[PDB]
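See below for the structure under consideration.
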Amino acid sequence: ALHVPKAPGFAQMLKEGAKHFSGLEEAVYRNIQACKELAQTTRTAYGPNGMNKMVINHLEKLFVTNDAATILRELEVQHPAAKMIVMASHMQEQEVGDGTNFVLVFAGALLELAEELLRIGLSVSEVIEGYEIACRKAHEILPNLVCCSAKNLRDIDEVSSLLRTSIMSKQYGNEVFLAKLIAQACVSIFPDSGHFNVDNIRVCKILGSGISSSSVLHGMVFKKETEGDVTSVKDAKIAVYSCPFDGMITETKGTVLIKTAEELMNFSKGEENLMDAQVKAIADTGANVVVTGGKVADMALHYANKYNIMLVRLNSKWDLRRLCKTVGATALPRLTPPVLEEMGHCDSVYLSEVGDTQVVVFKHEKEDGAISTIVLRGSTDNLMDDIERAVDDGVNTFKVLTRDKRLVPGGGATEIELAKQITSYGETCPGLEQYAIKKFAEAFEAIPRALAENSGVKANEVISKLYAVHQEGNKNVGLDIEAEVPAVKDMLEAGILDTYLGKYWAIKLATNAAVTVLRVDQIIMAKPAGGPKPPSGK
Amino acid sequence: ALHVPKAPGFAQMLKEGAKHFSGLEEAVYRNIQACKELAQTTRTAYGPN
Amino acid sequence: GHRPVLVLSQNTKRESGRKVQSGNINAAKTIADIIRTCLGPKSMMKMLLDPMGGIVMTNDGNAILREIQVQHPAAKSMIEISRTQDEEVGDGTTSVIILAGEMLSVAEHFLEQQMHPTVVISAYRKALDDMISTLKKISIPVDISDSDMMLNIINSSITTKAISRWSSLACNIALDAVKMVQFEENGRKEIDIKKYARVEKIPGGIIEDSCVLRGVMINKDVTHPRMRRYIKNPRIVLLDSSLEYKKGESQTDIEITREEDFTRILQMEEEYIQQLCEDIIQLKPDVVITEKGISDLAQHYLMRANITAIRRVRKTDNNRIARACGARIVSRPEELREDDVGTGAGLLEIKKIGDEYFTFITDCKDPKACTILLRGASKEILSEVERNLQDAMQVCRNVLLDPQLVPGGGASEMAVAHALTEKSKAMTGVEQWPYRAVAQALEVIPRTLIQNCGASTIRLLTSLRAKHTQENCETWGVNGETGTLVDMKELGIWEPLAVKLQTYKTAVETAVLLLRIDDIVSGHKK
Amino acid sequence: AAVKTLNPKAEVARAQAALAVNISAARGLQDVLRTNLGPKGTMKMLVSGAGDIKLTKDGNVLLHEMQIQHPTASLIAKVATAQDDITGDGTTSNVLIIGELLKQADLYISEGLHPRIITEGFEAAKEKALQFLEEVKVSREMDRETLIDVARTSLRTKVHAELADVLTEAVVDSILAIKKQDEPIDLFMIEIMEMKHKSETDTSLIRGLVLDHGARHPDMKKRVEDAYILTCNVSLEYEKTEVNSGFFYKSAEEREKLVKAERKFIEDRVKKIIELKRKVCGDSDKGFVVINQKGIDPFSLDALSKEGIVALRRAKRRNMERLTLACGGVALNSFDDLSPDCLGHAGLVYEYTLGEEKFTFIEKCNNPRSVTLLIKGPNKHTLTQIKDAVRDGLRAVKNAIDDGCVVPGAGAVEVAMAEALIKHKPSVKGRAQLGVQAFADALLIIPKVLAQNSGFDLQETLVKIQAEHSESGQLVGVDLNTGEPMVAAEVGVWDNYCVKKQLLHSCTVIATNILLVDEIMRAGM
Amino acid sequence: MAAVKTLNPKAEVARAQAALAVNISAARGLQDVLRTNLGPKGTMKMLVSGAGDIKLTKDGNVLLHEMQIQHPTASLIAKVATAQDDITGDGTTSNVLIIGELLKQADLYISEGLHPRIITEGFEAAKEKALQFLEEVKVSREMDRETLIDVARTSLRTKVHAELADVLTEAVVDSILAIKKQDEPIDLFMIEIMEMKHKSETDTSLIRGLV
Amino acid sequence: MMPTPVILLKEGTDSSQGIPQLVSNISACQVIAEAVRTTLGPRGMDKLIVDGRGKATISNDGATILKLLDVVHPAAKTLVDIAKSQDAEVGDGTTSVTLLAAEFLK
Ligand SMILES: Nc1ncnc2c1ncn2[C@@H]1O[C@H](COP(=O)(O)OP(=O)(O)O)[C@@H](O)[C@H]1O
Ligand SMILES: Nc1ncnc2c1ncn2[C@@H]1O[C@H](COP(=O)(O)OP(=O)(O)O)[C@@H](O)[C@H]1O
Ligand SMILES: Nc1ncnc2c1ncn2[C@@H]1O[C@H](COP(=O)(O)OP(=O)(O)O)[C@@H](O)[C@H]1O
Ligand SMILES: [Mg+2]
Ligand SMILES: [Mg+2]
Ligand SMILES: [Mg+2]
Ligand SMILES: [Mg+2]
Ligand SMILES: [Mg+2]
């Protein structure tokens, strides 16, 4: 008469800290609520007017940004449904490069509308089927909304114009400058072969001079200094070694066995003579810059200084491989002199100081080479990291454009057109799936609504105007953020364009995430463990 | 697989300090043993000796 | 300060007198009551919870008793006698415990009635001698060549287990395994089933598919996929030494001052391996089985000669294979004689069961070791099946060594009790009362059978006792199913004389041991 | 109790308490696992202590990841594990039938009936049920269509309909590719690889191998058209002697000589490989690929790549056999004497780089007897679910091939077996007729739960199906879309004969053994 | 999980099939304890209070009151039995048994997905028909001394053993006949029950007067 | 707020959003500027910062003072970062930058 005992059966065999949720109210609605919370959390950082967020991770590292994927990564998300939506956003980032916030917002809107549909009486299976039909319809419609194609990627001006929209969502104030920088960096790369490698664009962060002082260098910059007297070469003939710049020793075990006085006297002299001979053999080939991947001996450094050889030491094997790619050399595994077909050439190598950091610059002069570097300047490390993220988004946009050259209007025009067409299609579809199709179409309004909310105008008037103009027949008209009142303008003339693959993959992933979250009916959570982290994640 | 749960029904509804002895061996034989122990306790004080 | 002064150490409790004897007898009685309900052909199983997390769902008395832990030392003595009975004869474990409990129960009466325990013990020893004589008197001989009779004996042995549903298959398996393990060398009869009759349990399948193999099956696979997994008439070579290059015992160092000595040393390693494999090949074998590693180069040199190799085989598995295929384990292949090559195996097939590879050396002719392949519902069911098969094999071995049989189903108990009572009728001393008391205490077995069947104990036992007062009625017992009196000559339930003899001896000696005891002292360290 | 008298810290349940505890645990397991049965089941979220998310529908997986500490649950879990390991399907039906058998038996035991009679009835009913199952099986030639139907019947229950439609073709094609005539099928010769970069419906079958590693030398070719495959298990890196030697010199020149000399052993084997490559293909048109189970040191990598040879190191142990069967070479443990006849052939070798990790494809083989399944998806949990689904599908197809027969699904066989048992009930003598009735009612759980999950009502749907079966005699199951009885054979819904047989055997044995238990003790402390 | 636990975190809620499972388990437990009470051949129970007071009983209501139980459903059943005992004075064990068996039988069909409301409608129709039948089957008869003796035997034999019941039958029947006035309601307050603790249990009797 | 049986973020997470957050950021920047306010000009004074080990650091340099202050306010750290940046690129004016930034915000 005083307590309610646990029900016989499963409710009594459950473990101590385990949790079990089942049915609509306990599981599906809670999942939808968690996903809605996450979407609302990241919503405010959407579009050009998105506001940056300061995030402190568990390691007290400070992140300031408005990239949705970064924010979700640095957030300690614990809800499994929100975790799945985060996985969808990360997959979008990995596959394409931009559109993570679109994935988050669309999935959240889809799940909220699914909750509404379930509440009015629809079943989960019907909602899922309707969403799948609508997603297929949207994927069919999307190619017809393409407004223009890239049509050229070796032209600096057009590439910068294409990348401006991508890197104007981030760093709204100064996007023309960053567009020009990234366009130069990408056009230097991307040779006659159609393959473009994102990893071939390097970013060096040097603090001090404000981001307007950033520049692109056709080469590589290393934040270190030389090791010998020589600090500058004008006609570099770099020879690259992966072995330490020292006399190679036996791998088994080395023991100098001395049995007479003469061997003891002559050992060091012979070692020094051999080292001098090796260095002289290297220098006689014409090489004047030697780059090694390991320790540098003192006698070897002495003889390198004697023959006027610039010594640079690179710890990272990744940096060694990148330098080999840039210059055009092959990493020799032994201290043998290089033959003329594997001695890299660079038009200028010198030691310079930028800000207060010593840097070794492998500088070309031709508008070519395998690797280009963008040296960022600024006043804060966090700000420079943000600029680096923007550069990453721009380079990913260029890579996507190389993969597919089609573009769709931005600023919410594409979303409104997709919503209108899907609603028109759903009006013709009988059966219970028409409600789900209409809700899927309506979920697309979450993009222009978020844009208008961030820009500070009334979202409802903007969406009404967008429907009015699109019904008039203008399919390229989106939200005008350069106004204090709700207004619209044509994106094609303005130049706000979004990549076709970006929208395609974003829609696909958001729909898949929403459907997968809906499909869950029961949840069995084990008791959380406070161990020293899973060994798989190190 | 390391604990025997209380059987559903009366076994669970019993209060914390209560004890329920049922059946022949668990009740009758225990009662008989207790009575035999009491008789053995008082046996030695029987008779003139 | 002035810490207390005392003779014995602290935490040294000592108790003595009548209450010690009562406590011992109650401990034995409680141990008996634990498994009283697990005796007979209608016994109910128990689900023991292993301390490590396992589950032992069993019916055998020794398993239940050994899975529990007690603090009273008399209970420890009873557990020990259960283990002794299990090891010595194989079964009868739950009967000896019940008998010991009943004997101590009837001794407690005399202990409370001013009888010195030495008198009770003398009476118990006389009674035990007379029981042994009577059992030897009423037994009947058996010819081990009669396969049907042996199968019937095994059936009566395992009819009280969980395998009674497949009794026919189980009896055939146990009899065949014991017969083919039976070995004799240098005039020494030997039936060693604990080493050379292995039981392997692989879950899944159906228990109707379990069978005894004319060979050995091990959970191994070929070292290299190019080797044959199917050889018709293999010649087997067994080794217990590595086919690699290992360090010597002495501390050896090499001092390389020349250019070619390093490569020469590596080439000598390779040459030594090649010479070893050549010595193996000289006997022209088909499969090579080793308890230690086989190097990759050794695998290559063996496969060049079309030889299958199994890498690491446990010692006991190797002994079983040697017995089965007539091989002889050798260490140095340079001394590999022809007689060491195992010919006699008729097939070596390496098939897949579930998601694992199993090696079969079945189809041997005249094998002296075998593996019993048990396939069933799960691990616990198969463990119980293995226990029942062990019981059956032990009974078969006991019958083969001692061909005497005595009636079961309580007939032996009633016959011995009646004979003991008749002999005591002539006794005139004071020892006759405990003599009788233990004689009729032997009657607990038919009473327990009747109670477990669910019939009426008192009238059935009285009628059985009256029946045994006649002349030719030594073979009258109860049905564990119908709960009626029946002649064991027509029921067919018989059990080995050795099992009953060991049961009675162990019970009486346990009673003797616990009756002698007084003044329990505890708490002291080593 | 006696045990508590001996061991004070002992947990014991006796007599009817034992049956109550066991049946309650079985009923709880059945209640949880009801919703898994059938294609219309509900997916479950499983979150581990570390937070790993695993969407699933499999009975065995769910049983493993339920947070349960019950003895009867442990026994049922072991039974399900054995069922899954041998046959590969039917664990959910296993748990359901065990629980319903226990419930039906308790329905009579509560009326004062001893469990032994019920178990005798169970045994007689199981014998009759096995006879009927032998009677009803459909011995059909296992052409492609029948295997596709079996694969559908499994995968549709495991995953989404469209993903199941893809997986059916993938699984059936793979099994047919690796299967030799009148020979047991080795499932180890099908490789299941994970790629996490595309949609789930992009899972396909590669008629070759996919390796989770690529060439470690940057200068190696990234795509070889006509390749000679060399599958080797020889170490191509410096290895110290086994006798603890060390070196001894007296000058720098001697040190250099000893440095150059100590590499000659591996250099000879690399030279053998290079000589073979030059011999087999004197032109640059063909290609040479070396796959090694042992490591390759950078010097050997450079020496090989300078000859245009692709080398992969530390391949999987089973990959040796897989490459031998697919490409068609010989796996060498030494280069003592190698000939062109020991070289496998592949019509295309190319490398796919996804994120940080690297993949190598070996396709366009002549007639690969070992193929690979490439699981693709956007999430880790999706990949795990697809892996479990394809495991179930491969087991189903393998069982269908191994048995010459196949059993109608949709619970039709359950209804027919129940009616046959009811008809056979008068033949059983004694009170075991009650056990026979309990067994038949327990068998009837599958159509009941199928109709329940599909949304219909158990009683009306079941009586409709039973009346239809009695009237016509055909094997009529449950139509999960309309609820009407349907001929399972006509619509191509097939079960596995071996799965049903193992179901009957295991369920009956475990129920019989559990019913006879009358005490649970925990006294090992 | 539940809405209540969202509003009140330390709240115990059992919803949907959990409520039925809890209630039916409690009813079956009470039924299992009280099965052995029914009939003259039932077994006796010795109830020991916290203070150590020994009470031997076979009455259903007394046993319900002195079982150490803390269950809500058991409390409802106990209240029903208390009302039954207060008004009629006999039939408490049958009350508990019938409630438990009704719930068990209803669950037998509810576990097959049947809604409880249909079961309740069937219960009401069956109760109406059963009441009609009971009206049909009752034996109207002027009750002289022997019929009353039979009724008193039927009760007291279930409560105590044979000879004690035989004494108590004559005692109670004669007392009722003494205090009863023709065509007037019976005031049971006029039969004083006094306790003495000196003779055997078979010495209890009736005093045509007062003590 | 509601208990939300399973919470979204990790338990104990702190979030501040809206105009109050920005105002607090401005105030924190003011506080950081005040700590180096009096060290500007020919009449500027010195500061003495004692670390946990007992060592004293007497300096007029703005960058040095800001570094020796173990600031942990995320918005206030930006002023220390720009002081370090000005020290690195120019070498002087480390006090002027913080005052100017705080005055813009104010
Ligand atoms: N000048 C602009 N006017 C209106 N909308 C814009 C403008 N620039 C960008 N957008 C819109 O902002 C969106 C980009 O938001 P963003 O923060 O980049 O999200 P994500 O990083 O997930 O792509 C694009 O859909 C684009 O249409
Ligand atoms: N069909 C039967 N009817 C009656 N008693 C039987 C029957 N079969 C065996 N027994 C008796 O049951 C006893 C065996 O029970 P069991 O559980 O094997 O005890 P133990 O474990 O001590 O061997 C034997 O003493 C035998 O006489
Ligand atoms: N399309 C269908 N229509 C009707 N019945 C089906 C269909 N697909 C499967 N079934 C039946 O439903 C059951 C599915 O069980 P399943 O979920 O596979 O459990 P398990 O995986 O443990 O075997 C099978 O017995 C099968 O006969
Ligand atoms: Mg973006
Ligand atoms: Mg036995
Ligand atoms: Mg299945
Ligand atoms: Mg009454
Ligand atoms: Mg100044």
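Going through the structure tokens in order, the chains are called A, B, and so on, while each chain numbers its residues from 1 and the ligands are numbered from 1 in the order shown.
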
- request: Enumerate residues in contact with ligand 3: an atom-to-atom distance of at most 8 Å, counting only C-alpha atoms and all ligand atoms. Format the result as a PyMOL selection string.
  value: chain D and resi 36-39+41+57-60+89-94+152-154+156-158+392+408-412+446+450+477-480+488+493-495

Test item: residues at most 10 Å from segment 199-204 of chain D, only C-alpha atoms, excluding those fewer than 4 positions along its chain, as a list in words: residues 505, 508, 509 and 512 of chain A; 162, 163, 164, 165, 166, 167, 169, 170, 171, 174, 194, 195, 372, 373, 374, 375, 376, 377, 378, 379, 382, 383 and 386 of chain D

Those same residues, written as a short mmCIF file (atom, residue, chain, number, x, y, z; two decimals), in the first residue's frame with C-alpha atoms?
data_model
loop_
_atom_site.label_atom_id
_atom_site.label_comp_id
_atom_site.auth_asym_id
_atom_site.auth_seq_id
_atom_site.Cartn_x
_atom_site.Cartn_y
_atom_site.Cartn_z
CA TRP A 505 24.31 14.70 -50.70
CA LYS A 508 20.19 12.39 -49.04
CA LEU A 509 22.04 12.24 -45.73
CA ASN A 512 18.49 8.98 -44.19
CA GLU D 162 15.19 -2.03 -50.70
CA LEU D 163 18.45 -2.82 -48.93
CA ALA D 164 17.21 -6.40 -48.62
CA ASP D 165 16.47 -6.44 -52.35
CA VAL D 166 20.08 -5.47 -53.05
CA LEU D 167 21.51 -7.88 -50.48
CA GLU D 169 21.32 -10.54 -55.27
CA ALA D 170 24.69 -9.91 -53.64
CA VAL D 171 24.48 -12.89 -51.27
CA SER D 174 28.49 -14.74 -54.00
CA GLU D 194 33.72 -2.14 -44.64
CA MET D 195 33.62 1.11 -46.58
CA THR D 372 34.23 -10.43 -51.50
CA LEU D 373 31.23 -8.45 -50.27
CA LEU D 374 31.74 -4.69 -49.95
CA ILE D 375 29.50 -3.31 -47.23
CA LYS D 376 28.93 0.42 -47.69
CA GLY D 377 27.05 2.93 -45.58
CA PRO D 378 27.07 6.36 -43.95
CA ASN D 379 27.27 5.18 -40.32
CA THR D 382 24.51 0.80 -40.43
CA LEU D 383 27.61 -1.19 -41.39
CA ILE D 386 24.31 -4.87 -42.76
#

Please report as a tab-separated table (two decimals) with N, CA, C and O atoms, in the first residue's frame which residues of chain F come no farther than 10 Å from chain A, using only C-alpha atoms.
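Printed below is result-v9.tsv as written:
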chain	number	residue	atom	x	y	z
F	4	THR	N	13.92	15.97	-18.62
F	4	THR	CA	14.35	15.36	-19.87
F	4	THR	C	15.09	14.05	-19.62
F	4	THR	O	16.33	14.03	-19.64
F	5	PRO	N	14.36	12.94	-19.38
F	5	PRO	CA	14.97	11.69	-18.87
F	5	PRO	C	16.38	11.38	-19.36
F	5	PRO	O	17.24	11.02	-18.56
F	6	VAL	N	16.62	11.52	-20.66
F	6	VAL	CA	17.96	11.46	-21.22
F	6	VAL	C	18.31	12.86	-21.71
F	6	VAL	O	17.64	13.40	-22.59
F	7	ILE	N	19.35	13.44	-21.13
F	7	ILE	CA	19.71	14.82	-21.41
F	7	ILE	C	20.58	14.88	-22.66
F	7	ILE	O	21.27	13.91	-23.02
F	8	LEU	N	20.54	16.02	-23.35
F	8	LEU	CA	21.21	16.13	-24.65
F	8	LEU	C	22.72	16.17	-24.50
F	8	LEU	O	23.43	15.28	-24.98
F	9	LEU	N	23.24	17.21	-23.84
F	9	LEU	CA	24.67	17.36	-23.68
F	9	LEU	C	25.12	16.65	-22.41
F	9	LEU	O	24.33	16.06	-21.68
F	10	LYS	N	26.42	16.70	-22.14
F	10	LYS	CA	26.95	16.09	-20.93
F	10	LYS	C	26.45	16.85	-19.71
F	10	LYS	O	26.31	18.07	-19.73
F	11	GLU	N	26.18	16.10	-18.64
F	11	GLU	CA	25.71	16.71	-17.40
F	11	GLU	C	26.77	17.65	-16.84
F	11	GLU	O	27.95	17.29	-16.74
F	13	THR	N	27.20	20.79	-18.23
F	13	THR	CA	27.55	21.77	-19.26
F	13	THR	C	26.94	23.12	-18.93
F	13	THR	O	25.81	23.21	-18.46
F	14	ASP	N	27.70	24.18	-19.19
F	14	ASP	CA	27.28	25.55	-18.93
F	14	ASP	C	27.16	26.30	-20.25
F	14	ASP	O	28.10	26.28	-21.06
F	15	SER	N	26.03	26.95	-20.46
F	15	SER	CA	25.77	27.67	-21.70
F	15	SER	C	25.21	29.05	-21.38
F	15	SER	O	24.33	29.19	-20.53
F	16	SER	N	25.73	30.07	-22.07
F	16	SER	CA	25.25	31.43	-21.95
F	16	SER	C	24.99	31.97	-23.35
F	16	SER	O	25.86	31.86	-24.22
F	17	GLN	N	23.81	32.54	-23.56
F	17	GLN	CA	23.39	32.92	-24.90
F	17	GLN	C	22.61	34.22	-24.82
F	17	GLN	O	21.86	34.44	-23.86
F	72	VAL	N	41.44	33.17	-17.77
F	72	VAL	CA	40.71	32.02	-18.29
F	72	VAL	C	39.35	32.39	-18.85
F	72	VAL	O	38.62	31.51	-19.30
F	74	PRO	N	37.02	33.18	-21.66
F	74	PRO	CA	37.23	33.00	-23.11
F	74	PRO	C	37.21	34.29	-23.90
F	74	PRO	O	37.99	34.44	-24.85
F	75	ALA	N	36.36	35.24	-23.53
F	75	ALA	CA	36.34	36.52	-24.24
F	75	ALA	C	37.52	37.40	-23.86
F	75	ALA	O	38.01	38.16	-24.70
F	77	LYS	N	40.52	36.36	-23.04
F	77	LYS	CA	41.76	35.82	-23.60
F	77	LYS	C	42.12	36.47	-24.92
F	77	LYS	O	43.29	36.48	-25.30
F	78	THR	N	41.13	37.01	-25.64
F	78	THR	CA	41.42	37.63	-26.93
F	78	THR	C	42.31	38.85	-26.76
F	78	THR	O	43.18	39.11	-27.60
F	79	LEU	N	42.11	39.63	-25.70
F	79	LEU	CA	42.96	40.79	-25.47
F	79	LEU	C	44.40	40.37	-25.20
F	79	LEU	O	45.34	41.00	-25.70
F	80	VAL	N	44.59	39.31	-24.42
F	80	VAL	CA	45.94	38.80	-24.20
F	80	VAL	C	46.55	38.33	-25.52
F	80	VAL	O	47.74	38.55	-25.79
F	81	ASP	N	45.75	37.66	-26.34
F	81	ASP	CA	46.26	37.18	-27.62
F	81	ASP	C	46.68	38.33	-28.52
F	81	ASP	O	47.72	38.26	-29.18
F	82	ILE	N	45.89	39.40	-28.58
F	82	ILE	CA	46.27	40.52	-29.44
F	82	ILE	C	47.46	41.26	-28.86
F	82	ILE	O	48.27	41.82	-29.61
F	83	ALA	N	47.61	41.29	-27.53
F	83	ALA	CA	48.81	41.87	-26.95
F	83	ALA	C	50.05	41.07	-27.35
F	83	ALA	O	51.08	41.64	-27.72
F	84	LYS	N	49.95	39.74	-27.29
F	84	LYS	CA	51.06	38.90	-27.73
F	84	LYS	C	51.34	39.11	-29.21
F	84	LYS	O	52.50	39.15	-29.63
F	85	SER	N	50.29	39.24	-30.02
F	85	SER	CA	50.46	39.46	-31.45
F	85	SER	C	51.17	40.78	-31.73
F	85	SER	O	52.07	40.85	-32.57
F	86	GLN	N	50.77	41.84	-31.03
F	86	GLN	CA	51.43	43.13	-31.21
F	86	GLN	C	52.88	43.07	-30.76
F	86	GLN	O	53.76	43.65	-31.41
F	87	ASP	N	53.15	42.37	-29.66
F	87	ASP	CA	54.53	42.19	-29.23
F	87	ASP	C	55.35	41.46	-30.28
F	87	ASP	O	56.49	41.82	-30.56
F	88	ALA	N	54.77	40.41	-30.87
F	88	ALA	CA	55.50	39.62	-31.85
F	88	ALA	C	55.79	40.43	-33.11
F	88	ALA	O	56.94	40.50	-33.56
F	89	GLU	N	54.76	41.05	-33.69
F	89	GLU	CA	54.95	41.70	-34.98
F	89	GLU	C	55.72	43.01	-34.86
F	89	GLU	O	56.60	43.29	-35.68
F	90	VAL	N	55.41	43.82	-33.86
F	90	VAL	CA	55.96	45.17	-33.73
F	90	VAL	C	56.99	45.25	-32.61
F	90	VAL	O	58.10	45.75	-32.80
F	91	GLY	N	56.63	44.78	-31.42
F	91	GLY	CA	57.50	44.83	-30.27
F	91	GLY	C	57.17	45.92	-29.27
F	91	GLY	O	57.65	45.88	-28.14

message: So that I can check the secondary structure, give me every residue of segment 241-421 of chain A assigned helix (DSSP H, G or I) by backbone DSSP, as number ranges by chain.
response: A: 261-284, 298-306, 317-327, 381-403, 413-421

With C-alpha atoms retained, export the selected residues as a compact mmCIF listing (two decimals), in the first residue's frame.
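That gives us result10.txt:
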# COMPACT_ATOMS: atom_id res chain seq x y z
CA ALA A 261 97.84 0.93 -31.12
CA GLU A 262 97.71 1.88 -34.81
CA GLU A 263 94.03 0.97 -35.12
CA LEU A 264 93.27 3.10 -32.07
CA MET A 265 95.14 6.07 -33.51
CA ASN A 266 93.69 5.73 -37.01
CA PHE A 267 90.05 4.99 -36.19
CA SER A 268 88.79 8.54 -35.66
CA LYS A 269 90.86 9.89 -38.55
CA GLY A 270 89.42 7.26 -40.87
CA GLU A 271 85.87 7.97 -39.72
CA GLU A 272 86.34 11.70 -40.29
CA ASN A 273 87.90 11.10 -43.70
CA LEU A 274 85.01 8.85 -44.73
CA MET A 275 82.43 11.42 -43.63
CA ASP A 276 84.27 14.17 -45.51
CA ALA A 277 84.44 11.99 -48.61
CA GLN A 278 80.71 11.29 -48.51
CA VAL A 279 79.80 14.95 -48.06
CA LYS A 280 82.21 15.99 -50.82
CA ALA A 281 80.70 13.39 -53.14
CA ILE A 282 77.27 14.85 -52.41
CA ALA A 283 78.47 18.40 -53.02
CA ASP A 284 80.30 17.62 -56.27
CA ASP A 298 78.40 17.18 -35.76
CA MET A 299 81.15 16.13 -38.17
CA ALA A 300 78.62 15.96 -40.99
CA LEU A 301 77.44 19.47 -40.14
CA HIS A 302 81.06 20.63 -40.05
CA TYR A 303 81.73 19.33 -43.54
CA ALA A 304 78.41 20.65 -44.83
CA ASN A 305 79.44 24.10 -43.60
CA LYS A 306 82.86 23.62 -45.19
CA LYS A 317 57.78 12.23 -42.77
CA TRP A 318 54.61 13.85 -44.11
CA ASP A 319 56.51 17.12 -44.49
CA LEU A 320 59.37 15.24 -46.14
CA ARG A 321 57.04 13.67 -48.69
CA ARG A 322 55.33 17.00 -49.33
CA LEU A 323 58.69 18.70 -49.87
CA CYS A 324 59.73 15.94 -52.27
CA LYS A 325 56.50 16.47 -54.20
CA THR A 326 56.97 20.25 -54.27
CA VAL A 327 60.59 20.31 -55.39
CA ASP A 381 45.28 32.18 -33.00
CA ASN A 382 41.55 31.47 -32.81
CA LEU A 383 40.78 33.91 -35.62
CA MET A 384 43.47 32.36 -37.80
CA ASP A 385 42.04 28.91 -37.10
CA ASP A 386 38.66 30.21 -38.24
CA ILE A 387 40.22 31.55 -41.44
CA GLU A 388 41.86 28.14 -41.92
CA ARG A 389 38.46 26.46 -41.64
CA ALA A 390 37.11 28.88 -44.24
CA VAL A 391 40.03 28.02 -46.53
CA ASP A 392 39.27 24.33 -46.04
CA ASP A 393 35.64 24.90 -47.03
CA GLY A 394 36.72 26.82 -50.12
CA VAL A 395 39.16 24.11 -51.20
CA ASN A 396 36.51 21.44 -50.68
CA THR A 397 34.14 23.52 -52.80
CA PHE A 398 36.74 23.67 -55.57
CA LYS A 399 37.22 19.90 -55.37
CA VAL A 400 33.46 19.36 -55.61
CA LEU A 401 33.31 21.69 -58.61
CA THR A 402 36.00 19.63 -60.30
CA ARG A 403 33.99 16.48 -59.57
CA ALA A 413 15.70 29.83 -53.72
CA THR A 414 16.45 26.15 -54.35
CA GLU A 415 14.74 25.09 -51.12
CA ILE A 416 11.59 27.07 -51.89
CA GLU A 417 11.45 25.70 -55.43
CA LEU A 418 11.90 22.14 -54.17
CA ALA A 419 9.21 22.67 -51.55
CA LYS A 420 6.77 24.07 -54.10
CA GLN A 421 7.32 21.25 -56.59

query: chain D residues within 6 Å of chain C, counting only C-alpha atoms: which ones, as a list in words?
result: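 Written out as asked, the residues are residues 2, 6, 7, 78, 79, 82, 83, 85, 86, 244, 245, 247, 248, 258, 261, 265, 321, 333, 506, 516, 517, 519, 520, 521, 522, 523 and 524 of chain D.
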